[PDB]
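Chemist: If it helps, the file is called input_3.cif and holds mmCIF, C-alpha atoms and all ligand atoms:
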data_protein
#
loop_
_atom_site.label_atom_id
_atom_site.label_comp_id
_atom_site.auth_asym_id
_atom_site.auth_seq_id
_atom_site.Cartn_x
_atom_site.Cartn_y
_atom_site.Cartn_z
CA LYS A 1 -5.29 22.21 -4.44
CA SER A 2 -3.20 21.44 -1.31
CA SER A 3 -3.47 17.84 -0.28
CA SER A 4 -3.16 19.01 3.39
CA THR A 5 -6.24 21.18 3.78
CA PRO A 6 -9.89 20.19 3.57
CA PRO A 7 -11.89 20.94 0.51
CA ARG A 8 -13.19 24.47 0.88
CA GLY A 9 -16.59 24.60 2.54
CA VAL A 10 -17.03 21.19 3.94
CA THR A 11 -18.55 20.68 7.38
CA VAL A 12 -15.63 19.29 9.38
CA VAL A 13 -16.95 17.90 12.71
CA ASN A 14 -15.60 20.30 15.40
CA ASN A 15 -16.67 18.49 18.61
CA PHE A 16 -15.00 15.22 17.77
CA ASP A 17 -14.28 12.56 20.28
CA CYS A 18 -11.53 10.49 18.85
CA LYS A 19 -12.09 7.59 21.28
CA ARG A 20 -15.58 7.05 19.97
CA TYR A 21 -14.29 6.76 16.36
CA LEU A 22 -11.76 3.98 17.08
CA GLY A 23 -12.07 0.43 15.89
CA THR A 24 -13.56 -0.85 12.69
CA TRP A 25 -15.71 0.69 10.00
CA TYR A 26 -17.25 -0.85 6.90
CA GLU A 27 -16.90 1.04 3.63
CA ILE A 28 -20.45 1.19 2.29
CA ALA A 29 -19.57 3.35 -0.73
CA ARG A 30 -16.44 5.14 -2.05
CA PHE A 31 -15.46 7.32 -4.90
CA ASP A 32 -13.20 4.96 -6.78
CA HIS A 33 -9.50 5.87 -6.84
CA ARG A 34 -6.22 4.12 -7.53
CA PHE A 35 -5.41 3.27 -3.89
CA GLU A 36 -8.50 1.03 -3.56
CA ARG A 37 -9.03 -0.11 -7.11
CA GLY A 38 -10.37 -3.69 -7.41
CA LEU A 39 -11.38 -4.06 -3.80
CA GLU A 40 -14.64 -5.12 -2.21
CA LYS A 41 -15.59 -5.91 1.41
CA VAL A 42 -13.43 -3.02 2.55
CA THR A 43 -13.00 -2.12 6.17
CA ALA A 44 -10.94 0.59 7.89
CA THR A 45 -9.62 0.10 11.44
CA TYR A 46 -8.32 2.92 13.67
CA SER A 47 -6.19 2.58 16.83
CA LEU A 48 -4.56 5.14 19.03
CA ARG A 49 -0.82 5.77 18.95
CA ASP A 50 1.48 6.98 21.72
CA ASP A 51 2.44 9.99 19.55
CA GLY A 52 -1.12 11.26 19.35
CA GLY A 53 -1.92 10.06 15.88
CA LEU A 54 -3.84 7.02 14.72
CA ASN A 55 -2.79 3.72 13.24
CA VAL A 56 -4.99 2.94 10.17
CA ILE A 57 -5.33 -0.53 8.70
CA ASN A 58 -7.56 -0.87 5.66
CA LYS A 59 -8.42 -4.34 4.43
CA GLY A 60 -10.34 -5.62 1.45
CA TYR A 61 -10.92 -8.55 -0.89
CA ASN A 62 -9.91 -8.59 -4.56
CA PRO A 63 -12.32 -10.97 -6.26
CA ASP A 64 -10.18 -11.10 -9.52
CA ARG A 65 -7.16 -12.47 -7.67
CA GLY A 66 -9.21 -14.22 -4.99
CA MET A 67 -7.12 -12.69 -2.19
CA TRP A 68 -7.49 -10.32 0.81
CA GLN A 69 -5.09 -7.46 1.11
CA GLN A 70 -4.26 -4.93 3.81
CA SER A 71 -2.63 -1.48 3.91
CA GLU A 72 -1.26 0.09 7.13
CA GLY A 73 -0.89 3.85 7.49
CA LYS A 74 -0.89 6.67 10.00
CA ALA A 75 -3.19 9.55 10.53
CA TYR A 76 -2.47 12.76 12.36
CA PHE A 77 -4.77 15.63 13.31
CA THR A 78 -3.90 18.81 11.39
CA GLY A 79 -5.09 20.93 14.36
CA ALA A 80 -6.94 20.41 17.60
CA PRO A 81 -7.95 16.81 18.25
CA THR A 82 -11.60 17.92 18.77
CA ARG A 83 -11.69 18.88 15.05
CA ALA A 84 -11.95 15.88 12.72
CA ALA A 85 -9.51 17.21 10.17
CA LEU A 86 -6.55 14.86 9.66
CA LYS A 87 -4.02 13.73 7.06
CA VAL A 88 -3.34 10.08 6.37
CA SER A 89 -0.11 8.57 4.93
CA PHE A 90 0.50 5.13 3.51
CA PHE A 91 3.49 3.50 1.76
CA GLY A 92 4.41 5.31 -1.42
CA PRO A 93 2.53 8.15 -3.05
CA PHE A 94 -0.68 7.81 -1.03
CA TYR A 95 -0.88 10.79 1.34
CA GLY A 96 -3.50 13.42 1.93
CA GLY A 97 -6.38 14.91 3.94
CA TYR A 98 -8.92 12.85 5.82
CA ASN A 99 -11.95 14.74 7.12
CA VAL A 100 -15.04 13.58 8.93
CA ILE A 101 -17.80 15.79 7.59
CA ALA A 102 -20.91 14.01 8.92
CA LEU A 103 -21.39 11.74 11.88
CA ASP A 104 -24.43 10.53 13.88
CA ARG A 105 -24.47 11.07 17.66
CA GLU A 106 -23.69 7.44 18.28
CA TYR A 107 -20.66 7.17 15.95
CA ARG A 108 -22.39 4.54 13.85
CA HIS A 109 -22.36 6.23 10.42
CA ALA A 110 -19.77 8.60 8.94
CA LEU A 111 -19.23 10.59 5.74
CA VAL A 112 -15.47 11.06 5.25
CA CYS A 113 -13.83 13.14 2.53
CA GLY A 114 -10.32 13.57 1.23
CA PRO A 115 -8.54 16.84 0.42
CA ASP A 116 -10.74 17.55 -2.57
CA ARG A 117 -14.14 16.60 -3.89
CA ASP A 118 -12.73 13.58 -5.79
CA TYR A 119 -12.41 11.67 -2.48
CA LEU A 120 -15.53 10.59 -0.48
CA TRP A 121 -16.63 7.55 1.60
CA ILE A 122 -19.83 6.43 3.35
CA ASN A 123 -18.79 4.31 6.29
CA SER A 124 -20.71 2.35 8.86
CA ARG A 125 -20.13 0.20 11.95
CA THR A 126 -22.39 -2.29 10.27
CA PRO A 127 -21.83 -3.90 6.91
CA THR A 128 -25.16 -2.66 5.56
CA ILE A 129 -27.15 0.56 6.11
CA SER A 130 -30.80 1.42 5.69
CA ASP A 131 -32.10 3.16 2.59
CA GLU A 132 -32.93 6.23 4.71
CA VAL A 133 -29.31 6.48 5.93
CA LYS A 134 -28.15 6.01 2.29
CA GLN A 135 -30.49 8.79 1.17
CA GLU A 136 -29.35 11.15 3.88
CA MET A 137 -25.67 10.47 3.11
CA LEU A 138 -26.18 11.22 -0.58
CA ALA A 139 -28.16 14.34 0.28
CA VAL A 140 -25.36 15.63 2.48
CA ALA A 141 -22.74 14.76 -0.12
CA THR A 142 -24.69 16.64 -2.79
CA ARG A 143 -25.30 19.73 -0.57
CA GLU A 144 -21.52 19.91 0.03
CA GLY A 145 -20.63 19.95 -3.58
CA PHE A 146 -19.66 16.32 -4.24
CA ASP A 147 -20.79 14.46 -7.41
CA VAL A 148 -22.57 11.36 -6.13
CA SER A 149 -22.29 9.70 -9.53
CA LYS A 150 -18.78 8.96 -8.42
CA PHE A 151 -19.85 6.55 -5.71
CA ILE A 152 -19.62 2.83 -6.08
CA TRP A 153 -21.56 0.62 -3.70
CA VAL A 154 -19.08 -1.75 -2.14
CA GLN A 155 -20.06 -5.36 -1.82
CA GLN A 156 -20.35 -6.31 1.83
CA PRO A 157 -21.77 -9.22 3.88
CA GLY A 158 -25.56 -9.03 3.31
CA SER A 159 -25.52 -5.91 1.05
CA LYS B 1 3.09 -8.69 -21.64
CA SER B 2 1.41 -11.04 -19.09
CA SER B 3 1.89 -9.63 -15.58
CA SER B 4 2.23 -13.25 -14.39
CA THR B 5 5.26 -14.60 -16.24
CA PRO B 6 8.92 -13.50 -16.15
CA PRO B 7 10.13 -11.04 -18.78
CA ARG B 8 10.58 -12.73 -22.18
CA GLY B 9 13.84 -14.58 -22.37
CA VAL B 10 14.96 -13.85 -18.78
CA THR B 11 16.38 -16.75 -16.84
CA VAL B 12 15.21 -17.21 -13.25
CA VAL B 13 16.96 -19.11 -10.43
CA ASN B 14 15.87 -22.77 -10.61
CA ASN B 15 17.46 -24.21 -7.39
CA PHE B 16 15.98 -21.67 -4.96
CA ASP B 17 16.30 -22.06 -1.19
CA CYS B 18 13.20 -20.22 -0.05
CA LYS B 19 14.02 -20.53 3.67
CA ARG B 20 17.48 -19.02 3.17
CA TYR B 21 15.91 -16.06 1.32
CA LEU B 22 13.77 -15.14 4.35
CA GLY B 23 14.48 -12.13 6.53
CA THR B 24 15.47 -8.55 5.75
CA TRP B 25 17.02 -7.21 2.58
CA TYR B 26 18.09 -3.66 1.85
CA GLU B 27 17.16 -2.17 -1.48
CA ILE B 28 20.39 -0.85 -3.01
CA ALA B 29 18.85 0.29 -6.29
CA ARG B 30 15.50 0.13 -8.06
CA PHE B 31 13.94 1.19 -11.34
CA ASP B 32 11.57 4.03 -10.36
CA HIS B 33 7.85 3.28 -10.12
CA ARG B 34 4.80 4.76 -8.37
CA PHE B 35 4.60 1.98 -5.72
CA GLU B 36 7.85 3.15 -4.00
CA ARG B 37 8.08 6.70 -5.20
CA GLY B 38 9.42 9.07 -2.58
CA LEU B 39 11.04 6.39 -0.45
CA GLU B 40 14.59 6.11 0.78
CA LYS B 41 16.15 3.62 3.21
CA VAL B 42 13.93 0.83 1.84
CA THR B 43 13.98 -2.77 3.21
CA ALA B 44 11.96 -5.82 2.27
CA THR B 45 11.33 -8.49 4.92
CA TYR B 46 10.12 -11.96 3.94
CA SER B 47 8.55 -14.64 6.12
CA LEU B 48 6.86 -17.98 5.56
CA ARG B 49 3.04 -18.41 5.57
CA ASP B 50 1.23 -21.55 6.65
CA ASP B 51 -0.32 -21.63 3.13
CA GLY B 52 3.01 -21.94 1.33
CA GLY B 53 3.22 -18.29 0.29
CA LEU B 54 5.45 -15.56 1.74
CA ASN B 55 4.47 -12.49 3.69
CA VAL B 56 6.27 -9.40 2.40
CA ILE B 57 6.81 -6.24 4.49
CA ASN B 58 8.37 -3.38 2.60
CA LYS B 59 9.39 -0.41 4.72
CA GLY B 60 10.88 2.96 3.82
CA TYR B 61 11.30 6.57 4.78
CA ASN B 62 9.82 9.56 2.97
CA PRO B 63 12.09 12.57 3.73
CA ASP B 64 9.58 15.03 2.25
CA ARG B 65 6.95 14.20 4.79
CA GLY B 66 9.39 13.01 7.41
CA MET B 67 7.75 9.66 8.06
CA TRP B 68 8.43 5.91 7.97
CA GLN B 69 5.86 3.82 6.06
CA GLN B 70 5.28 0.05 5.52
CA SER B 71 3.36 -2.02 2.97
CA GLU B 72 2.39 -5.65 3.69
CA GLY B 73 1.84 -8.07 0.77
CA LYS B 74 1.77 -11.76 -0.11
CA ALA B 75 3.89 -13.61 -2.58
CA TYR B 76 3.14 -17.02 -4.06
CA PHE B 77 5.25 -19.22 -6.32
CA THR B 78 3.82 -19.50 -9.83
CA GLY B 79 5.32 -23.02 -10.11
CA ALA B 80 7.66 -25.23 -8.17
CA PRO B 81 9.06 -23.66 -5.05
CA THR B 82 12.57 -24.53 -6.31
CA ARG B 83 12.11 -21.98 -9.13
CA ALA B 84 12.34 -18.31 -7.98
CA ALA B 85 9.31 -17.15 -10.05
CA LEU B 86 6.55 -15.69 -7.93
CA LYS B 87 3.79 -13.09 -8.04
CA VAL B 88 3.40 -10.51 -5.35
CA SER B 89 0.28 -8.63 -4.41
CA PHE B 90 -0.39 -5.64 -2.17
CA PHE B 91 -3.43 -3.53 -1.32
CA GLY B 92 -5.14 -2.23 -4.42
CA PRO B 93 -3.65 -2.27 -7.92
CA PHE B 94 -0.09 -3.44 -7.15
CA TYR B 95 0.06 -7.04 -8.34
CA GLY B 96 2.58 -8.71 -10.56
CA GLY B 97 5.50 -11.01 -11.11
CA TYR B 98 8.49 -11.24 -8.76
CA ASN B 99 11.56 -13.16 -10.00
CA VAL B 100 14.97 -13.74 -8.53
CA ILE B 101 17.35 -13.65 -11.52
CA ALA B 102 20.67 -13.82 -9.67
CA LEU B 103 21.78 -14.74 -6.19
CA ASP B 104 25.17 -15.37 -4.70
CA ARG B 105 25.76 -18.71 -3.03
CA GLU B 106 25.63 -17.11 0.43
CA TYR B 107 22.21 -15.51 -0.16
CA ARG B 108 23.60 -12.05 0.59
CA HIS B 109 22.99 -10.26 -2.71
CA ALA B 110 20.09 -10.68 -5.11
CA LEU B 111 18.95 -9.27 -8.41
CA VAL B 112 15.11 -9.28 -8.58
CA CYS B 113 12.90 -8.32 -11.51
CA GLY B 114 9.23 -7.89 -12.16
CA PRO B 115 7.23 -9.22 -15.11
CA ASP B 116 8.99 -7.07 -17.67
CA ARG B 117 12.22 -5.21 -18.00
CA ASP B 118 10.77 -1.94 -16.58
CA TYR B 119 11.09 -3.53 -13.02
CA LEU B 120 14.40 -4.30 -11.44
CA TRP B 121 16.01 -4.21 -8.00
CA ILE B 122 19.49 -4.78 -6.54
CA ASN B 123 19.11 -6.05 -2.99
CA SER B 124 21.64 -6.87 -0.26
CA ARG B 125 21.71 -8.20 3.28
CA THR B 126 23.94 -5.16 3.98
CA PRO B 127 22.97 -1.49 3.37
CA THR B 128 25.97 -0.90 1.07
CA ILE B 129 27.84 -3.07 -1.40
CA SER B 130 31.34 -3.08 -2.80
CA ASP B 131 32.06 -1.67 -6.23
CA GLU B 132 33.02 -5.26 -7.16
CA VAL B 133 29.56 -6.69 -6.20
CA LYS B 134 27.87 -3.68 -7.75
CA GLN B 135 29.56 -4.07 -11.10
CA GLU B 136 28.82 -7.75 -11.28
CA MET B 137 25.14 -7.22 -10.56
CA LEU B 138 24.98 -4.52 -13.21
CA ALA B 139 26.70 -6.88 -15.66
CA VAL B 140 23.99 -9.55 -15.00
CA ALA B 141 21.25 -7.03 -15.45
CA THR B 142 22.88 -5.98 -18.66
CA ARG B 143 23.37 -9.63 -19.78
CA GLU B 144 19.59 -10.07 -19.32
CA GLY B 145 18.58 -7.10 -21.50
CA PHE B 146 17.81 -4.54 -18.86
CA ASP B 147 18.91 -0.88 -19.18
CA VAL B 148 20.90 -0.24 -15.96
CA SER B 149 20.73 3.50 -16.57
CA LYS B 150 17.18 3.28 -15.17
CA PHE B 151 18.48 2.51 -11.65
CA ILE B 152 17.90 4.99 -8.82
CA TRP B 153 20.59 4.42 -6.18
CA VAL B 154 18.61 4.47 -2.91
CA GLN B 155 19.92 6.30 0.14
CA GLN B 156 20.95 3.73 2.81
CA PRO B 157 23.08 3.66 6.00
CA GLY B 158 26.64 4.33 4.92
CA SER B 159 25.75 4.96 1.28
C1 LIG C 1 -6.38 11.35 -0.47
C2 LIG C 1 -5.41 10.75 0.54
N1 LIG C 1 -5.72 9.36 0.86
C3 LIG C 1 -4.80 8.34 0.30
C4 LIG C 1 -5.49 7.89 -0.97
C5 LIG C 1 -6.88 8.98 1.61
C6 LIG C 1 -7.67 9.96 2.21
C7 LIG C 1 -8.80 9.59 2.95
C8 LIG C 1 -9.10 8.22 3.08
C9 LIG C 1 -8.35 7.20 2.42
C10 LIG C 1 -7.24 7.61 1.71
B1 LIG C 1 -8.62 5.68 2.61
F1 LIG C 1 -8.53 4.95 1.39
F2 LIG C 1 -7.80 5.08 3.66
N2 LIG C 1 -10.11 5.50 3.18
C11 LIG C 1 -10.85 4.41 3.33
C12 LIG C 1 -10.50 3.00 2.95
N3 LIG C 1 -11.98 4.68 4.00
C13 LIG C 1 -13.05 3.74 4.39
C14 LIG C 1 -11.98 5.95 4.35
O1 LIG C 1 -12.92 6.59 4.90
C15 LIG C 1 -10.78 6.52 3.76
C16 LIG C 1 -10.33 7.88 3.72
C1 LIG C 2 5.43 -5.27 -10.69
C2 LIG C 2 4.77 -6.05 -9.56
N1 LIG C 2 5.12 -5.46 -8.23
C3 LIG C 2 4.13 -4.61 -7.54
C4 LIG C 2 4.42 -3.27 -7.99
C5 LIG C 2 6.41 -5.76 -7.72
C6 LIG C 2 7.18 -6.76 -8.33
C7 LIG C 2 8.41 -7.03 -7.72
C8 LIG C 2 8.87 -6.40 -6.59
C9 LIG C 2 8.06 -5.36 -5.94
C10 LIG C 2 6.84 -5.08 -6.55
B1 LIG C 2 8.46 -4.54 -4.71
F1 LIG C 2 8.25 -3.16 -4.85
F2 LIG C 2 7.79 -4.96 -3.51
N2 LIG C 2 10.01 -4.81 -4.40
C11 LIG C 2 10.84 -4.24 -3.49
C12 LIG C 2 10.45 -3.08 -2.63
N3 LIG C 2 12.10 -4.79 -3.51
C13 LIG C 2 13.21 -4.42 -2.63
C14 LIG C 2 12.07 -5.78 -4.44
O1 LIG C 2 13.01 -6.59 -4.68
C15 LIG C 2 10.74 -5.79 -4.99
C16 LIG C 2 10.21 -6.57 -6.04
#
Would you write the structure of this file as structure tokens?
Modeler:
Amino acid sequence: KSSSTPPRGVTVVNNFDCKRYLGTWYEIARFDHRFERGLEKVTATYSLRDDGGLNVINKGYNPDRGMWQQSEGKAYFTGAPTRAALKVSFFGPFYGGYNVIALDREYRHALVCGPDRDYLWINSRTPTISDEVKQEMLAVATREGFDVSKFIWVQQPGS
Amino acid sequence: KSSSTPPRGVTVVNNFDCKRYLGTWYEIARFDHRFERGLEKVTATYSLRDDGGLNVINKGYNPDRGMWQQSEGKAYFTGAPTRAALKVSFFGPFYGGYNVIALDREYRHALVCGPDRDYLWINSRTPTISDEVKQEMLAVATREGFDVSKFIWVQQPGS
């Protein structure tokens, strides 16, 4: 399907406050994909741009090579900035939808999907999350049609 | 073969001046790979790290999506810093050898290869090169066993 639209049916957050989502997030779990392959301790960082999009810097550690790496990209809303439907673009052939489909009131925990059900992330402001938050994230993922067998639990400080 | 050694039988520069190689280079031609697919107007910018490695910033334009992108990586010598054999690594699964196989004395044109003969670049301090310089670089590539018909000639200022 189009790499520009959300997966059909997902619950895009429609009262989004972009300022509250800025800064750094820890990747608690991801569906594994080429872009991120081999990485642990992954974080994503968002900053505002003058042009109304977001600067994205993802960082992680590759324990096979013993080195940190970083990737810088840009995200732009696909519609109104109060709707958490975006597209993100990195160097090369890494481009597609970015959608926040679950978020707590305090912007502490997020479930983010790509443009299809092969792309999903559990993110947190903290490097670890409680089992209850894990359970709820998997429950939401399942209810929205995603195959939670695809998740890998990303090593983080204290995991 | 090993991703960490030069291609079999390929001679690498053995009296390398790393500091003179720093700065911005324009990519005149490349063998096509996923990492850079879709990108025109490509430059690579090298700088020194406190740890003896190089920071690498690749930047290019994707005319399909209408956007500039950049990738930041690290390169380390695999041996003596006088020998232009390195390995470069970027976010995720882009890791492998980087070898300077020909350089002019002025450090204005360089032929760079990866760890096998499927990876080759013609780089220049200027965005275009003379037919003279072009043919010589192709003759070196050819001398070293590469198939120059695999080059994509990359759109650049004045090209
Ligand atoms: C499908 C298009 N695409 C490029 C692979 C993406 C889409 C969506 C995303 C990412 C990439 B990403 F790898 F930058 N990513 C990370 C690291 N985290 C923590 C995210 O929540 C997220 C979403
Ligand atoms: C095969 C290992 N690997 C990562 C794909 C590379 C090896 C070698 C190189 C690059 C990548 B590269 F894509 F960063 N690259 C660029 C953009 N230019 C202009 C080069 O001279 C060069 C060499």
Chemist: Find the residues near stretch 140-145 of chain B: any atom within 8 Å, counting only C-alpha atoms, skip ones fewer than 4 places away on the same chain, and give them as a short mmCIF file (atom, residue, chain, number, x, y, z; two decimals) with C-alpha atoms, in the coordinates of the input.
Modeler:
data_model
loop_
_atom_site.label_atom_id
_atom_site.label_comp_id
_atom_site.auth_asym_id
_atom_site.auth_seq_id
_atom_site.Cartn_x
_atom_site.Cartn_y
_atom_site.Cartn_z
CA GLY B 9 13.84 -14.58 -22.37
CA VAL B 10 14.96 -13.85 -18.78
CA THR B 11 16.38 -16.75 -16.84
CA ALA B 102 20.67 -13.82 -9.67
CA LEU B 111 18.95 -9.27 -8.41
CA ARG B 117 12.22 -5.21 -18.00
CA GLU B 136 28.82 -7.75 -11.28
#
Chemist: Least-squares align chain B to chain A using all Cα atoms paired by position, then dump the moved coordinates as a short mmCIF file (atom, residue, chain, number, x, y, z; two decimals) with C-alpha atoms, in the coordinates of the input.
Modeler:
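Result file is superposed_17.cif:
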data_model
loop_
_atom_site.label_atom_id
_atom_site.label_comp_id
_atom_site.auth_asym_id
_atom_site.auth_seq_id
_atom_site.Cartn_x
_atom_site.Cartn_y
_atom_site.Cartn_z
CA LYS B 1 -5.58 22.39 -4.25
CA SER B 2 -3.39 21.80 -1.14
CA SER B 3 -3.43 18.08 -0.27
CA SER B 4 -3.35 19.15 3.41
CA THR B 5 -6.53 21.17 3.90
CA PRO B 6 -10.20 20.15 3.55
CA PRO B 7 -11.95 20.79 0.24
CA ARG B 8 -12.79 24.49 -0.21
CA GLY B 9 -15.91 25.42 1.65
CA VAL B 10 -16.53 21.98 3.21
CA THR B 11 -17.45 21.93 6.86
CA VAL B 12 -15.73 19.36 9.08
CA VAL B 13 -16.91 18.00 12.45
CA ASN B 14 -15.62 20.33 15.19
CA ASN B 15 -16.62 18.38 18.39
CA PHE B 16 -14.96 15.08 17.46
CA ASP B 17 -14.69 12.19 19.93
CA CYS B 18 -11.58 10.48 18.63
CA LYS B 19 -11.81 7.55 21.07
CA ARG B 20 -15.40 6.80 20.03
CA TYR B 21 -14.32 6.75 16.36
CA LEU B 22 -11.81 3.94 17.00
CA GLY B 23 -12.38 0.38 15.86
CA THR B 24 -13.71 -1.12 12.63
CA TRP B 25 -15.80 0.57 9.98
CA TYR B 26 -17.19 -0.95 6.81
CA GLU B 27 -16.87 1.00 3.61
CA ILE B 28 -20.37 1.21 2.12
CA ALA B 29 -19.42 3.37 -0.85
CA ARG B 30 -16.37 5.20 -2.17
CA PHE B 31 -15.39 7.41 -5.09
CA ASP B 32 -13.09 5.19 -7.19
CA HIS B 33 -9.33 5.74 -6.96
CA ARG B 34 -6.16 3.73 -7.62
CA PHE B 35 -5.38 3.17 -3.89
CA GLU B 36 -8.41 0.82 -3.44
CA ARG B 37 -9.05 -0.25 -6.98
CA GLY B 38 -10.13 -3.86 -7.28
CA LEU B 39 -11.24 -4.20 -3.67
CA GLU B 40 -14.54 -5.35 -2.26
CA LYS B 41 -15.55 -6.05 1.35
CA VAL B 42 -13.38 -3.15 2.56
CA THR B 43 -12.99 -2.21 6.27
CA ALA B 44 -10.94 0.47 7.97
CA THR B 45 -9.75 -0.12 11.54
CA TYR B 46 -8.48 2.77 13.67
CA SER B 47 -6.43 2.66 16.86
CA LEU B 48 -4.63 5.17 19.05
CA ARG B 49 -0.83 5.73 18.87
CA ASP B 50 1.32 6.80 21.80
CA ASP B 51 2.33 9.85 19.68
CA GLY B 52 -1.20 11.21 19.39
CA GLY B 53 -1.80 9.96 15.86
CA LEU B 54 -3.97 7.02 14.74
CA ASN B 55 -2.91 3.76 13.18
CA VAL B 56 -5.08 2.90 10.18
CA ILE B 57 -5.50 -0.66 8.84
CA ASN B 58 -7.51 -0.89 5.66
CA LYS B 59 -8.39 -4.40 4.55
CA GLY B 60 -10.22 -5.72 1.50
CA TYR B 61 -10.72 -8.60 -0.86
CA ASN B 62 -9.73 -8.70 -4.52
CA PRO B 63 -12.05 -11.24 -6.25
CA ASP B 64 -9.95 -11.22 -9.44
CA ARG B 65 -6.92 -12.59 -7.70
CA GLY B 66 -8.86 -14.26 -4.93
CA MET B 67 -6.93 -12.74 -2.05
CA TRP B 68 -7.37 -10.58 1.06
CA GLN B 69 -4.98 -7.61 1.35
CA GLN B 70 -4.25 -4.96 4.05
CA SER B 71 -2.60 -1.53 4.06
CA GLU B 72 -1.30 0.04 7.29
CA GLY B 73 -1.04 3.85 7.57
CA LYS B 74 -0.86 6.68 10.09
CA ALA B 75 -3.20 9.57 10.52
CA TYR B 76 -2.46 12.79 12.38
CA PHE B 77 -4.74 15.71 13.21
CA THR B 78 -3.83 18.86 11.28
CA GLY B 79 -5.12 20.97 14.22
CA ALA B 80 -7.00 20.45 17.43
CA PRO B 81 -8.02 16.88 18.08
CA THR B 82 -11.61 18.11 18.58
CA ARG B 83 -11.74 18.99 14.85
CA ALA B 84 -12.04 15.94 12.52
CA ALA B 85 -9.43 17.22 10.00
CA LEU B 86 -6.49 14.90 9.60
CA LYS B 87 -3.95 13.74 7.03
CA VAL B 88 -3.33 10.10 6.37
CA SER B 89 -0.23 8.53 4.92
CA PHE B 90 0.57 5.05 3.63
CA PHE B 91 3.56 3.42 1.96
CA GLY B 92 4.69 5.35 -1.07
CA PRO B 93 2.70 8.10 -2.78
CA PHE B 94 -0.62 7.84 -0.90
CA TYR B 95 -0.71 10.85 1.40
CA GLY B 96 -3.42 13.40 1.88
CA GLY B 97 -6.23 14.91 3.86
CA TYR B 98 -8.82 12.87 5.77
CA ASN B 99 -11.91 14.71 7.07
CA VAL B 100 -15.01 13.55 8.84
CA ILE B 101 -17.81 15.73 7.43
CA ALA B 102 -20.80 14.03 9.06
CA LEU B 103 -21.32 11.62 11.91
CA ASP B 104 -24.40 10.48 13.72
CA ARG B 105 -24.51 10.97 17.47
CA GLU B 106 -23.97 7.24 18.07
CA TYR B 107 -20.79 7.10 15.96
CA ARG B 108 -22.27 4.40 13.74
CA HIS B 109 -22.28 6.12 10.35
CA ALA B 110 -19.75 8.57 8.95
CA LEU B 111 -19.21 10.56 5.80
CA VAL B 112 -15.45 11.03 5.18
CA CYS B 113 -13.77 13.06 2.46
CA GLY B 114 -10.27 13.67 1.23
CA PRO B 115 -8.65 17.01 0.40
CA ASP B 116 -10.91 17.72 -2.55
CA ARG B 117 -14.27 16.65 -3.80
CA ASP B 118 -12.84 13.74 -5.89
CA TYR B 119 -12.52 11.72 -2.56
CA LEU B 120 -15.50 10.58 -0.59
CA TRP B 121 -16.58 7.58 1.48
CA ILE B 122 -19.76 6.42 3.24
CA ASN B 123 -18.77 4.28 6.21
CA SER B 124 -20.80 2.30 8.76
CA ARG B 125 -20.26 0.16 11.83
CA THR B 126 -22.55 -2.34 10.04
CA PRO B 127 -21.92 -3.85 6.56
CA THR B 128 -25.26 -2.57 5.21
CA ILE B 129 -27.34 0.53 5.87
CA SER B 130 -31.00 1.37 5.58
CA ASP B 131 -32.31 3.31 2.61
CA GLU B 132 -33.17 6.03 5.16
CA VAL B 133 -29.52 6.36 6.39
CA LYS B 134 -28.28 6.06 2.83
CA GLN B 135 -30.42 8.87 1.51
CA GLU B 136 -29.48 11.18 4.32
CA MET B 137 -25.77 10.61 3.78
CA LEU B 138 -26.19 11.24 0.07
CA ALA B 139 -28.10 14.44 0.87
CA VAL B 140 -25.15 15.66 3.05
CA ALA B 141 -22.68 14.83 0.36
CA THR B 142 -24.84 16.71 -2.07
CA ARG B 143 -25.25 19.66 0.36
CA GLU B 144 -21.42 19.86 0.46
CA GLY B 145 -20.95 20.03 -3.33
CA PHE B 146 -19.96 16.48 -4.06
CA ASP B 147 -21.33 14.56 -7.08
CA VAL B 148 -22.85 11.39 -5.53
CA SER B 149 -23.02 9.77 -8.96
CA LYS B 150 -19.29 9.06 -8.49
CA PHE B 151 -20.00 6.51 -5.71
CA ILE B 152 -19.16 2.84 -6.24
CA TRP B 153 -21.39 0.78 -3.93
CA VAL B 154 -18.95 -1.75 -2.42
CA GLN B 155 -19.90 -5.40 -2.04
CA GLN B 156 -20.35 -6.20 1.70
CA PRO B 157 -21.97 -8.95 3.83
CA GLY B 158 -25.69 -8.76 3.17
CA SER B 159 -25.40 -6.07 0.50
#
Chemist: Kindly indicate which residue among B:53, B:92, B:6, B:81 lies nearest to chain A, using all atoms listed in the file for the distances.
Modeler: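 Selected residue with least distance to chain A: B:92.
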Chemist: May I have the residues within 12 Å of residue B:104 as a PyMOL selection string, using only C-alpha atoms and disregarding those fewer than 4 positions away in the same chain?
Modeler: chain B and resi 13+16-17+20-21+100+108-111+123-125+133+136-137+140
Chemist: Quick check, in Å to one decimal: how far apart do atom CA of residue B:52 and atom CA of residue A:34 lie?
Modeler: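 Going from atom CA of residue B:52 over to atom CA of residue A:34, I get 29.0 Å.
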Chemist: Between B:106, B:134, B:147, B:91, single out the one closest to ligand LIG 1 (chain C), counting all atoms listed in the file.
Modeler: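 Selected residue with least distance to ligand LIG 1 (chain C): B:91.
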Chemist: For ligand LIG 1 (chain C), which residue among A:12, A:22, A:103, A:86 is the nearest when counting only C-alpha atoms and all ligand atoms?
Modeler: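 Ranking A:12, A:22, A:103, A:86 by distance to ligand LIG 1 (chain C), first place goes to A:86.
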Chemist: Could you tell me which of A:148, A:84, A:18, A:48 comes closest to residue A:135 if we count only C-alpha atoms?
Modeler: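 Closest to residue A:135, using only C-alpha atoms: A:148.
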Chemist: What is the distance, in Å and to one decimal place, between atom CA of residue A:78 and atom CA of residue B:65?
Modeler: 13.5 Å
